[PDB]
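Undergrad: This is the structure I have questions about; it appears just below.
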Amino acid sequence: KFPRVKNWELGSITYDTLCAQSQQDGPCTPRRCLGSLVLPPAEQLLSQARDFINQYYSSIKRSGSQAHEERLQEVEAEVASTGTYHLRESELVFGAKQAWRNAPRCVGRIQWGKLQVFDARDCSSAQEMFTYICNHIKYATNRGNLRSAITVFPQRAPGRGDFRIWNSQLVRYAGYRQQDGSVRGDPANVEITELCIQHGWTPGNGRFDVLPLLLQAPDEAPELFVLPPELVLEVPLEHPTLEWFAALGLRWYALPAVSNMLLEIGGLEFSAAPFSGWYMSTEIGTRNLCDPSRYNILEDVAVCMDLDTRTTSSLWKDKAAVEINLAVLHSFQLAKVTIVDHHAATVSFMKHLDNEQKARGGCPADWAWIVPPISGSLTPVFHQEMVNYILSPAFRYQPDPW
Amino acid sequence: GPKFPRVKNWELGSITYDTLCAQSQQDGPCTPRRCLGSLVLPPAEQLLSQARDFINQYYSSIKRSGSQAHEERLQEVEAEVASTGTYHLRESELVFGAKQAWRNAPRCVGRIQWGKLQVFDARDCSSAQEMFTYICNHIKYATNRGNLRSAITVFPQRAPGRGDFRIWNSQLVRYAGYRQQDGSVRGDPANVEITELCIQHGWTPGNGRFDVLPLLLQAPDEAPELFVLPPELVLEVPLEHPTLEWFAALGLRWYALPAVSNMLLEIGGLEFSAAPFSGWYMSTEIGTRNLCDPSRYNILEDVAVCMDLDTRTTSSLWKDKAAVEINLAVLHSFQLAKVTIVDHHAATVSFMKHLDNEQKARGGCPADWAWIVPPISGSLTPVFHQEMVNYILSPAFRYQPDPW
Ligand code: HEM
Ligand code: HEM
Ligand SMILES: Cc1cc(N)nc(CCc2cncc(CCc3cc(C)cc(N)n3)c2)c1
Ligand SMILES: Cc1cc(N)nc(CCc2cncc(CCc3cc(C)cc(N)n3)c2)c1
Ligand SMILES: C[C@H](O)[C@H](O)[C@H]1CNc2nc(N)[nH]c(=O)c2N1
Ligand SMILES: C[C@H](O)[C@H](O)[C@H]1CNc2nc(N)[nH]c(=O)c2N1
Ligand SMILES: [Zn+2]
């Protein structure tokens, strides 16, 4: 019934009672488990809405109370006649905060408290959209002292199409299908960089060409928006001892800002709702820089480091992975830019567990994404049992708009 | 699309559908509401169908399926059970049965080698001295002077009321963990309880950091004898780092043979309460879990000191560097001792082959991602980008209670 979740490094044993709050079901069944997998009426909305409203006022003192009284009524009315309602600004600030907290893949959750919710539900043109982006980005970068934030664009309509950001991050490097099967720059970004060309933009042949923004208002042809260079803040990557590293001319950006997700709240749905925290050095070091399907620079730096590619058993792959990571870490502390090493980050998540285990008795987590891509067993999380289940409001993946 | 689960490989873009799981006549702990994939652990009428099952499988391996040899051996197992509530496997199907459970084990990257497991029936066994000798033979054979061969030895099954056979020791080789009375431990803290249980039995403990535990062996009911192992028979490997000189000075060593001994092999309903299996090590096992887990031997702290590293802060990345070096140290010393070993990249590359095989053969391979993917260099290995499906199949290894 209620699950025993033990930490193995410390013999400590808890129970998750928070699961029962999950409405939405996942992939696992009694027969076989699919934890590893990356992805997947009228009156019914009134119930999601409802259950979100109880959540809300229990959040503030006013639980099951006296404005919780008639507020549950404005909704009664507004779906009753028009089959969809709108959120009060305070209520939306709650939904964002909550939905991050609710996301079992996010190791940066200790922070869910502090978050800046820009409101754009008054956005009509894609022009206005752009402005909001630059402003989200300005507030969020904060000259290098990064601040977690989420601009929220209009909630999709029963009738019409959607506001959608086509980009899968506000900042990104172009990916350029050369002529020889070859790829120049970020390969995870080819199919997309093609769409900007297709919607008529001047490309480069740069490794770290920052891409422009393709924003789309409902039932309208996507518009392109070249992003004022000054907002995108990037870091050259050097190395505390290897003199030769910055020869390589590797750079990364500061702001990780997801844009292709779907903010689901109180039953309503936000197709654009970009959000941006701050990076964990391994995202930049290990995946971003080393994934084969990406920039894939492991071998390069390994040869530099005069190591031995010839065989796997010389650990050359692990040896480089650690410098590159170590390089990524340095760089930010050099350039006065917020960064979080895996160790430091997982330690605090550990905290967040307990911390929530208190507040709400449990907390959903996707172990495989919670544990770092290098040196896993060397973080605590690796030794902590986790329980993963779906909790509204939360972020949800959505099919690309083309 | 198919009525089965889609399995993508995010590095190569490839897909396959796992249809083996259709045959999981056993339940796991994940349910549509919540997933418990991370949790380390979560006979009258039935005993028939379980064998009914296993036999079908047998007669498939031989591809003499549906035939009269089939139905005759089917009409024989009932004969026997129907009359006595139990049956015995022919020796040929024990050999099959054993390999199938290994092949089935969702947590073993080793499985590329599944068909090369070499089985010693010891179902004739009856005392405990007997147990110890059979076991020696095993080690003897399987160590094979460092050029190591996978092997299992099977001891007589469970019964209606009649003491199980049981090996108390978890592996056939695990170093003593002596609790100092200053709070700490000396040696492997994994094995405290067992080291305790051995002095409590008349072994006189040593006082080093790497003393090989004596072997605790139970026969049916007769409360368990305590046997020691011939020092020449337990191939140890002392550890040096190839470039860094002072490592050998750390006094670290490891044993060659990883011999799981406390598990249960289950086939056709029948339960084999003591039936240990050995393979060979994968660098990380030793060089990350064993030597570095804070719960364990925990050397990371000292090694970084020796590496002149800044341990005051984590942004220095000392854990990772020290770990990499310790592993490089594990691989070098086995390599140089001419003692079978396998690096993590090389272990996974090969799991990925096994998956491509098992797809052709059974249509699916069950796996614990959290357990398949190595404890360092996670993503650096192909498996990491491999969606997997976990599920229970029989024959199977089960975890079992500590006997006390
Ligand atoms: C502030 C410090 C933060 C840290 C250290 C952090 C770190 C991370 C990391 C490392 C991941 C895994 C990414 C991956 O495996 O590729 C992640 C996932 C995620 N985080 Fe954060 N993040 C932070 C801020 C935020 C914020 C502010 C939000 C919400 C607005 C957020 C929401 C998410 C979501 C929704 C995912 C999973 C998304 C997906 O699977 O696409 N994170 N976080
Ligand atoms: C060929 C050399 C082998 C290698 C390199 C290898 C590797 C591994 C590894 C790394 C684990 C996970 C250990 C952990 O993380 O705690 C494992 C688990 C396991 N292995 Fe192997 N293995 C090998 C041979 C075998 C053999 C010969 C058997 C039995 C015939 C076997 C059966 C199992 C089983 C049943 C488990 C899971 C049981 C449990 O949950 O503890 N493996 N193997
Ligand atoms: C293309 C794609 C497909 C897919 N199925 N999932 C994803 C999400 C995984 C993913 C990939 N790149 C980047 C991220 C960013 C995660 C992230 C988000 C925030 C807010 C902060 C931070 N440090 N990190 C996440 C991306
Ligand atoms: C509570 C618990 C449950 C469980 N299923 N396994 C364990 C033990 C985990 C464990 C620890 N050290 C060692 C092993 C066996 C590793 C192992 C076994 C074999 C046969 C080959 C090889 N290379 N490696 C397993 C504990
Ligand atoms: C196949 C596997 O589920 C997939 O590659 C996951 C594994 N672990 C991960 N871990 C983190 N931290 N981030 C990820 O994107 C992933 N991806
Ligand atoms: C909490 C976590 O599941 C636990 O530490 C698991 C994680 N992955 C593992 N993976 C392997 N191969 N072996 C283990 O013992 C563990 N331990
Ligand atoms: Zn599951």
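By convention here, the chains of the structure tokens are called A, B, ... in the order presented, each chain's residues are numbered starting at 1, and ligands are numbered starting at 1 in the order presented.
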For region 208-223 of chain A, find every residue with an atom within 7 Å (counting only C-alpha atoms), except residues of its own chain fewer than 2 positions away, and show them as a list in words.
TA: residues 125, 126, 160, 161, 162, 163, 164, 165, 166, 167, 171, 172, 173, 174, 185, 204, 206, 225, 226 and 227 of chain A
Undergrad: What would the file look like if the residues just selected were written as a PDB file, in the first residue's frame with N, CA and C atoms?
TA:
```pdb
ATOM      1  N   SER A 125       0.123  39.678 -30.103  1.00  0.00           N
ATOM      2  CA  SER A 125       1.038  39.455 -31.220  1.00  0.00           C
ATOM      3  C   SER A 125       2.232  38.642 -30.760  1.00  0.00           C
ATOM      4  N   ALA A 126       2.904  38.004 -31.722  1.00  0.00           N
ATOM      5  CA  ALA A 126       4.195  37.342 -31.480  1.00  0.00           C
ATOM      6  C   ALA A 126       5.290  38.375 -31.234  1.00  0.00           C
ATOM      7  N   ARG A 160      -9.362  27.751 -30.811  1.00  0.00           N
ATOM      8  CA  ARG A 160      -8.210  28.068 -31.670  1.00  0.00           C
ATOM      9  C   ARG A 160      -6.926  27.328 -31.330  1.00  0.00           C
ATOM     10  N   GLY A 161      -5.904  27.550 -32.150  1.00  0.00           N
ATOM     11  CA  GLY A 161      -4.599  26.985 -31.918  1.00  0.00           C
ATOM     12  C   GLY A 161      -3.882  27.541 -30.697  1.00  0.00           C
ATOM     13  N   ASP A 162      -2.558  27.584 -30.780  1.00  0.00           N
ATOM     14  CA  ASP A 162      -1.734  27.819 -29.626  1.00  0.00           C
ATOM     15  C   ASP A 162      -0.675  28.841 -29.854  1.00  0.00           C
ATOM     16  N   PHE A 163      -0.324  29.483 -28.754  1.00  0.00           N
ATOM     17  CA  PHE A 163       0.903  30.201 -28.657  1.00  0.00           C
ATOM     18  C   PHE A 163       1.909  29.129 -28.488  1.00  0.00           C
ATOM     19  N   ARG A 164       2.922  29.156 -29.336  1.00  0.00           N
ATOM     20  CA  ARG A 164       4.030  28.238 -29.170  1.00  0.00           C
ATOM     21  C   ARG A 164       5.379  28.834 -29.478  1.00  0.00           C
ATOM     22  N   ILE A 165       6.326  28.537 -28.598  1.00  0.00           N
ATOM     23  CA  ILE A 165       7.710  28.805 -28.879  1.00  0.00           C
ATOM     24  C   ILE A 165       8.211  27.549 -29.569  1.00  0.00           C
ATOM     25  N   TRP A 166       8.773  27.733 -30.765  1.00  0.00           N
ATOM     26  CA  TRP A 166       9.254  26.610 -31.574  1.00  0.00           C
ATOM     27  C   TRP A 166      10.596  26.141 -31.044  1.00  0.00           C
ATOM     28  N   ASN A 167      11.375  27.066 -30.500  1.00  0.00           N
ATOM     29  CA  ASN A 167      12.663  26.712 -29.941  1.00  0.00           C
ATOM     30  C   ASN A 167      12.475  25.841 -28.728  1.00  0.00           C
ATOM     31  N   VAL A 171      18.059  29.825 -25.536  1.00  0.00           N
ATOM     32  CA  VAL A 171      19.361  29.973 -26.102  1.00  0.00           C
ATOM     33  C   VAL A 171      19.859  28.637 -26.612  1.00  0.00           C
ATOM     34  N   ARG A 172      20.546  28.646 -27.744  1.00  0.00           N
ATOM     35  CA  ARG A 172      20.900  27.404 -28.433  1.00  0.00           C
ATOM     36  C   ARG A 172      21.935  27.660 -29.502  1.00  0.00           C
ATOM     37  N   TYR A 173      22.782  26.680 -29.803  1.00  0.00           N
ATOM     38  CA  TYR A 173      23.691  26.831 -30.947  1.00  0.00           C
ATOM     39  C   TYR A 173      23.270  26.150 -32.274  1.00  0.00           C
ATOM     40  N   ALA A 174      23.474  26.833 -33.399  1.00  0.00           N
ATOM     41  CA  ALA A 174      23.040  26.298 -34.688  1.00  0.00           C
ATOM     42  C   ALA A 174      23.698  24.958 -35.035  1.00  0.00           C
ATOM     43  N   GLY A 185      28.781  22.513 -35.274  1.00  0.00           N
ATOM     44  CA  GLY A 185      27.999  23.016 -34.157  1.00  0.00           C
ATOM     45  C   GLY A 185      27.066  21.974 -33.528  1.00  0.00           C
ATOM     46  N   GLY A 204      25.298  31.099 -40.054  1.00  0.00           N
ATOM     47  CA  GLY A 204      26.752  31.114 -40.099  1.00  0.00           C
ATOM     48  C   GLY A 204      27.337  29.772 -40.503  1.00  0.00           C
ATOM     49  N   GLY A 206      29.599  29.089 -37.926  1.00  0.00           N
ATOM     50  CA  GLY A 206      30.068  29.024 -36.536  1.00  0.00           C
ATOM     51  C   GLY A 206      29.677  27.816 -35.675  1.00  0.00           C
ATOM     52  N   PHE A 225      13.004  36.087 -34.836  1.00  0.00           N
ATOM     53  CA  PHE A 225      13.398  37.199 -33.987  1.00  0.00           C
ATOM     54  C   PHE A 225      14.838  37.034 -33.544  1.00  0.00           C
ATOM     55  N   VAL A 226      15.744  37.758 -34.211  1.00  0.00           N
ATOM     56  CA  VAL A 226      17.153  37.741 -33.820  1.00  0.00           C
ATOM     57  C   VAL A 226      17.330  38.410 -32.459  1.00  0.00           C
ATOM     58  N   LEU A 227      18.048  37.701 -31.599  1.00  0.00           N
ATOM     59  CA  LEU A 227      18.106  38.009 -30.191  1.00  0.00           C
ATOM     60  C   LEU A 227      19.294  38.904 -29.835  1.00  0.00           C
TER      61      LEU A 227
END
```
Undergrad: Select from chain B every residue with an atom at most 12 Å from any atom of ligand 3, then for each give the shortest pair of atoms and their distance in Å to one decimal, using only C-alpha atoms and all ligand atoms, rows by chain and rising number, as JSON lines.
TA:
```
{"residue": "B:8", "atom": "CA", "partner": "ligand 3", "partner_atom_place_in_ligand_line": "5 (N)", "distance": 11.3}
{"residue": "B:10", "atom": "CA", "partner": "ligand 3", "partner_atom_place_in_ligand_line": "5 (N)", "distance": 9.4}
{"residue": "B:385", "atom": "CA", "partner": "ligand 3", "partner_atom_place_in_ligand_line": "5 (N)", "distance": 11.8}
```
Undergrad: What residues in chain A lie within 7 Å of chain B, counting only C-alpha atoms, written as an MDAnalysis selection string?
TA: chainID A and resid 9 19 22 25:37 293 312:315 318:319 322 326 329 341 343:344 367:368 373:377 385:389
Undergrad: Could you tell me how far CA of residue 102 (chain B) sits from atom 28 (C, counted along the ligand's line) of ligand 2, in Å to one decimal place?
TA: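 Between atom 28 (C, counted along the ligand's line) of ligand 2 and CA of residue 102 (chain B) the gap is 5.5 Å.
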Undergrad: Find the residues near ligand 1. Use a cut-off of 9 Å, count only C-alpha atoms and all ligand atoms, and write them as a ChimeraX atom specification.
TA: /A:38-39,96-97,99-112,114-116,146-150,256-258,260-261,274-283,287,339-342,345-346,368-373,394-397
Undergrad: Apply DSSP to the structure's backbone, then extract all residues of region 137-322 of chain A labelled alpha helix (DSSP H) and return them as a PyMOL selection string.
TA: chain A and resi 137-141+190-198+281-282+298-304+316-322
Undergrad: For ligand 2, which residue among B:211, B:271, B:310, B:266 is the nearest when counting only C-alpha atoms and all ligand atoms?
TA: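 Residue with the minimum atom-to-atom distance to ligand 2: B:266.
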Undergrad: Please, which residues have at least one atom within 6 Å of an atom of ligand 4, using only C-alpha atoms and all ligand atoms, listed as a compact mmCIF listing (two decimals) with C-alpha atoms, in the first residue's frame?
TA:
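This went into result_23.txt:
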```txt
# COMPACT_ATOMS: atom_id res chain seq x y z
CA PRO B 258 33.21 -12.94 -7.23
CA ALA B 259 31.10 -15.82 -5.91
CA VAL B 260 27.54 -15.05 -5.07
CA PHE B 277 27.82 -18.94 -9.01
CA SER B 278 31.09 -17.32 -9.93
CA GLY B 279 32.11 -15.22 -12.88
CA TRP B 280 34.80 -12.56 -13.15
CA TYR B 281 34.89 -8.93 -11.88
CA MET B 282 34.09 -5.63 -13.60
CA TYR B 399 17.26 -12.94 -3.09
```
Undergrad: If you run DSSP on this backbone, which residues of region 197-398 of chain A come out as strand (DSSP E or B), and could you give them as a ChimeraX atom specification?
TA: /A:210,213-216,223-225,234-236,251-253,257-258,261-265,268-270,275-276,280,340,384,388,395-397
Undergrad: So which one's closest to residue 2 (chain A), A:56, A:178, A:361, A:137? Using only C-alpha atoms, please.
TA: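 Nearest candidate to residue 2 (chain A) out of A:56, A:178, A:361, A:137: A:361.
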Undergrad: Find the residues near region 229-239 of chain A: any atom within 8 Å, counting only C-alpha atoms, skip ones fewer than 2 places away on the same chain, and give them as a list in words.
TA: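 Counting only the stated atoms, we get residues 134, 137, 138, 141, 144, 171, 227, 241, 242, 243, 245, 246, 249, 250, 251, 252, 253, 254, 255, 323, 326, 327, 328, 330, 331, 332 and 335 of chain A.
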Undergrad: What's the 12 Å shell around residue 86 (chain A), counting only C-alpha atoms, without same-chain residues fewer than 4 positions away, as a PDB file with N, CA, C and O atoms, in the first residue's frame?
TA:
```
ATOM      1  N   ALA A  49      -9.803  21.613 -11.796  1.00  0.00           N
ATOM      2  CA  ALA A  49      -9.903  22.979 -11.362  1.00  0.00           C
ATOM      3  C   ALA A  49     -10.097  22.974  -9.849  1.00  0.00           C
ATOM      4  O   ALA A  49      -9.205  23.437  -9.124  1.00  0.00           O
ATOM      5  N   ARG A  71     -14.740  31.575  -4.272  1.00  0.00           N
ATOM      6  CA  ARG A  71     -13.792  31.452  -5.384  1.00  0.00           C
ATOM      7  C   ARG A  71     -14.043  30.159  -6.177  1.00  0.00           C
ATOM      8  O   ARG A  71     -14.093  30.175  -7.408  1.00  0.00           O
ATOM      9  N   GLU A  74     -16.784  31.171  -8.684  1.00  0.00           N
ATOM     10  CA  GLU A  74     -16.456  31.894  -9.921  1.00  0.00           C
ATOM     11  C   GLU A  74     -16.070  30.910 -11.006  1.00  0.00           C
ATOM     12  O   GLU A  74     -16.381  31.122 -12.181  1.00  0.00           O
ATOM     13  N   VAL A  75     -15.405  29.834 -10.581  1.00  0.00           N
ATOM     14  CA  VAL A  75     -15.056  28.708 -11.427  1.00  0.00           C
ATOM     15  C   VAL A  75     -16.289  27.879 -11.790  1.00  0.00           C
ATOM     16  O   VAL A  75     -16.521  27.594 -12.963  1.00  0.00           O
ATOM     17  N   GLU A  76     -17.080  27.510 -10.785  1.00  0.00           N
ATOM     18  CA  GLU A  76     -18.381  26.874 -10.993  1.00  0.00           C
ATOM     19  C   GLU A  76     -19.068  27.528 -12.165  1.00  0.00           C
ATOM     20  O   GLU A  76     -19.393  26.871 -13.149  1.00  0.00           O
ATOM     21  N   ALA A  77     -19.255  28.843 -12.044  1.00  0.00           N
ATOM     22  CA  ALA A  77     -19.812  29.679 -13.103  1.00  0.00           C
ATOM     23  C   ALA A  77     -19.059  29.576 -14.437  1.00  0.00           C
ATOM     24  O   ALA A  77     -19.660  29.202 -15.443  1.00  0.00           O
ATOM     25  N   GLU A  78     -17.754  29.870 -14.430  1.00  0.00           N
ATOM     26  CA  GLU A  78     -16.987  30.116 -15.664  1.00  0.00           C
ATOM     27  C   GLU A  78     -16.714  28.896 -16.575  1.00  0.00           C
ATOM     28  O   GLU A  78     -16.547  29.055 -17.778  1.00  0.00           O
ATOM     29  N   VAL A  79     -16.665  27.693 -16.022  1.00  0.00           N
ATOM     30  CA  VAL A  79     -16.708  26.499 -16.853  1.00  0.00           C
ATOM     31  C   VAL A  79     -18.158  26.157 -17.150  1.00  0.00           C
ATOM     32  O   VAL A  79     -18.463  25.634 -18.228  1.00  0.00           O
ATOM     33  N   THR A  82     -19.054  28.784 -19.947  1.00  0.00           N
ATOM     34  CA  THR A  82     -18.107  28.882 -21.081  1.00  0.00           C
ATOM     35  C   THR A  82     -17.065  27.768 -21.234  1.00  0.00           C
ATOM     36  O   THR A  82     -16.177  27.865 -22.083  1.00  0.00           O
ATOM     37  N   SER A  90      -2.207  35.694  -8.457  1.00  0.00           N
ATOM     38  CA  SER A  90      -1.750  34.961  -7.259  1.00  0.00           C
ATOM     39  C   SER A  90      -1.838  33.444  -7.404  1.00  0.00           C
ATOM     40  O   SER A  90      -0.917  32.726  -7.020  1.00  0.00           O
ATOM     41  N   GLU A  91      -2.971  32.982  -7.933  1.00  0.00           N
ATOM     42  CA  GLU A  91      -3.216  31.567  -8.225  1.00  0.00           C
ATOM     43  C   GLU A  91      -2.234  30.990  -9.270  1.00  0.00           C
ATOM     44  O   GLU A  91      -1.841  29.817  -9.201  1.00  0.00           O
ATOM     45  N   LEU A  92      -1.850  31.799 -10.247  1.00  0.00           N
ATOM     46  CA  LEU A  92      -0.898  31.337 -11.246  1.00  0.00           C
ATOM     47  C   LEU A  92       0.512  31.250 -10.636  1.00  0.00           C
ATOM     48  O   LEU A  92       1.185  30.233 -10.793  1.00  0.00           O
ATOM     49  N   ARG A 121      -0.136  36.619 -19.830  1.00  0.00           N
ATOM     50  CA  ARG A 121      -1.462  36.234 -20.321  1.00  0.00           C
ATOM     51  C   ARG A 121      -2.201  37.382 -21.027  1.00  0.00           C
ATOM     52  O   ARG A 121      -3.375  37.232 -21.418  1.00  0.00           O
ATOM     53  N   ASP A 122      -1.515  38.516 -21.177  1.00  0.00           N
ATOM     54  CA  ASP A 122      -2.014  39.613 -21.995  1.00  0.00           C
ATOM     55  C   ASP A 122      -1.188  39.801 -23.275  1.00  0.00           C
ATOM     56  O   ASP A 122      -0.921  40.927 -23.712  1.00  0.00           O
ATOM     57  N   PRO A 154      -0.311  32.891 -22.856  1.00  0.00           N
ATOM     58  CA  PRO A 154      -1.733  32.553 -22.875  1.00  0.00           C
ATOM     59  C   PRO A 154      -2.095  31.069 -22.844  1.00  0.00           C
ATOM     60  O   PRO A 154      -1.424  30.269 -23.489  1.00  0.00           O
ATOM     61  N   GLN A 155      -3.156  30.709 -22.124  1.00  0.00           N
ATOM     62  CA  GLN A 155      -3.511  29.298 -22.031  1.00  0.00           C
ATOM     63  C   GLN A 155      -4.299  28.814 -23.238  1.00  0.00           C
ATOM     64  O   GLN A 155      -5.328  29.377 -23.553  1.00  0.00           O
ATOM     65  N   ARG A 156      -3.816  27.765 -23.900  1.00  0.00           N
ATOM     66  CA  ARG A 156      -4.405  27.269 -25.165  1.00  0.00           C
ATOM     67  C   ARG A 156      -5.953  27.205 -25.144  1.00  0.00           C
ATOM     68  O   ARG A 156      -6.551  27.021 -24.072  1.00  0.00           O
ATOM     69  N   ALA A 157      -6.577  27.335 -26.325  1.00  0.00           N
ATOM     70  CA  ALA A 157      -8.049  27.469 -26.450  1.00  0.00           C
ATOM     71  C   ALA A 157      -8.833  26.330 -27.121  1.00  0.00           C
ATOM     72  O   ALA A 157      -8.616  26.009 -28.301  1.00  0.00           O
ATOM     73  N   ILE A 265      -1.862  23.472 -15.390  1.00  0.00           N
ATOM     74  CA  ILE A 265      -2.192  23.987 -14.034  1.00  0.00           C
ATOM     75  C   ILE A 265      -3.682  23.945 -13.850  1.00  0.00           C
ATOM     76  O   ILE A 265      -4.413  24.293 -14.774  1.00  0.00           O
ATOM     77  N   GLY A 266      -4.137  23.544 -12.664  1.00  0.00           N
ATOM     78  CA  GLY A 266      -5.559  23.496 -12.355  1.00  0.00           C
ATOM     79  C   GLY A 266      -6.438  23.014 -13.486  1.00  0.00           C
ATOM     80  O   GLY A 266      -7.523  23.535 -13.699  1.00  0.00           O
ATOM     81  N   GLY A 267      -5.969  22.012 -14.217  1.00  0.00           N
ATOM     82  CA  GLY A 267      -6.643  21.576 -15.456  1.00  0.00           C
ATOM     83  C   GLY A 267      -6.413  22.366 -16.757  1.00  0.00           C
ATOM     84  O   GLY A 267      -6.476  21.801 -17.849  1.00  0.00           O
ATOM     85  N   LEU A 268      -6.185  23.669 -16.643  1.00  0.00           N
ATOM     86  CA  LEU A 268      -5.798  24.501 -17.775  1.00  0.00           C
ATOM     87  C   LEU A 268      -4.378  24.192 -18.320  1.00  0.00           C
ATOM     88  O   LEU A 268      -3.598  23.479 -17.669  1.00  0.00           O
ATOM     89  N   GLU A 269      -4.045  24.748 -19.489  1.00  0.00           N
ATOM     90  CA  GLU A 269      -2.813  24.349 -20.217  1.00  0.00           C
ATOM     91  C   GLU A 269      -2.005  25.443 -20.920  1.00  0.00           C
ATOM     92  O   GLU A 269      -2.493  26.142 -21.794  1.00  0.00           O
ATOM     93  N   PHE A 270      -0.742  25.556 -20.589  1.00  0.00           N
ATOM     94  CA  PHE A 270       0.033  26.658 -21.138  1.00  0.00           C
ATOM     95  C   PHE A 270       1.123  26.141 -22.058  1.00  0.00           C
ATOM     96  O   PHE A 270       2.055  25.456 -21.627  1.00  0.00           O
TER      97      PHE A 270
END
```
Undergrad: In terms of the shortest atom-to-atom distance over only C-alpha atoms, which of A:398, A:311, A:151, A:58 is closest to residue 131 (chain A)?
TA: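 Among the listed residues, A:151 lies closest to residue 131 (chain A).
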Undergrad: Of the candidates A:203, A:80, A:23, A:379, which one gets nearest to residue 48 (chain A) if we count only C-alpha atoms?
TA: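 So, comparing all the options, the nearest one is A:23.
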Undergrad: What does the structure give for the distance between CA of residue 380 (chain A) and CA of residue 347 (chain A), in Å to one decimal?
TA: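 These atoms are spaced 6.7 Å apart.
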Undergrad: Tell me which protein, DNA and RNA residues are within 8 Å of residue 353 (chain B), counting only C-alpha atoms, leaving out same-chain ones fewer than 4 positions away, and put them as a list in words.
TA: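 Near residue 353 (chain B), the qualifying residues are residues 112, 349 and 357 of chain B.
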Undergrad: Save out the residues we just selected, C-alpha atoms, as a short mmCIF file (atom, residue, chain, number, x, y, z; two decimals), in the first residue's frame.
TA:
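Saved file result.cif follows:
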```cif
data_model
loop_
_atom_site.label_atom_id
_atom_site.label_comp_id
_atom_site.auth_asym_id
_atom_site.auth_seq_id
_atom_site.Cartn_x
_atom_site.Cartn_y
_atom_site.Cartn_z
CA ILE B 112 26.81 -11.87 -23.13
CA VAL B 349 29.60 -2.40 -25.24
CA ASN B 357 21.09 -10.95 -29.72
#
```
Undergrad: So that I can see what lies close to residue 361 (chain B), please list as a short mmCIF file (atom, residue, chain, number, x, y, z; two decimals) with N, CA, C and O atoms, in the first residue's frame the residues with an atom at most 12 Å from it, counting only C-alpha atoms and leaving out residues fewer than 6 positions away in the same chain.
TA:
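For reference, selection_3.cif as written:
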```
data_model
loop_
_atom_site.label_atom_id
_atom_site.label_comp_id
_atom_site.auth_asym_id
_atom_site.auth_seq_id
_atom_site.Cartn_x
_atom_site.Cartn_y
_atom_site.Cartn_z
N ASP B 18 9.58 -4.88 -26.96
CA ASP B 18 9.86 -6.02 -26.08
C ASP B 18 8.60 -6.85 -25.89
O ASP B 18 7.63 -6.37 -25.34
N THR B 19 8.63 -8.09 -26.37
CA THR B 19 7.45 -8.93 -26.38
C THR B 19 7.71 -10.16 -25.55
O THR B 19 6.86 -11.05 -25.43
N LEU B 20 8.89 -10.23 -24.98
CA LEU B 20 9.20 -11.28 -24.05
C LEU B 20 8.38 -11.11 -22.76
O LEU B 20 7.83 -12.06 -22.22
N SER B 60 11.86 -26.57 -25.95
CA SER B 60 12.04 -25.56 -26.98
C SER B 60 13.50 -25.42 -27.27
O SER B 60 13.87 -25.38 -28.41
N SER B 61 14.31 -25.35 -26.23
CA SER B 61 15.76 -25.22 -26.42
C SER B 61 16.25 -26.35 -27.30
O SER B 61 17.11 -26.16 -28.18
N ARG B 103 20.56 -16.02 -17.71
CA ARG B 103 20.09 -15.30 -18.88
C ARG B 103 18.96 -14.36 -18.51
O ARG B 103 18.93 -13.22 -18.97
N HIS B 354 24.52 -8.22 -26.56
CA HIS B 354 23.63 -9.21 -25.94
C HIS B 354 22.20 -8.82 -26.12
O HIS B 354 21.34 -9.68 -26.39
N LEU B 355 21.93 -7.53 -25.99
CA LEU B 355 20.58 -7.04 -26.22
C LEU B 355 20.13 -7.27 -27.67
O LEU B 355 18.97 -7.58 -27.94
#
```
Undergrad: Name the closest residue to residue 265 (chain B) among the candidates B:120, B:155, B:4, B:141; distances are taken between atoms, counting only C-alpha atoms.
TA: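 When distances to residue 265 (chain B) are compared using only C-alpha atoms, the smallest one comes from B:155.
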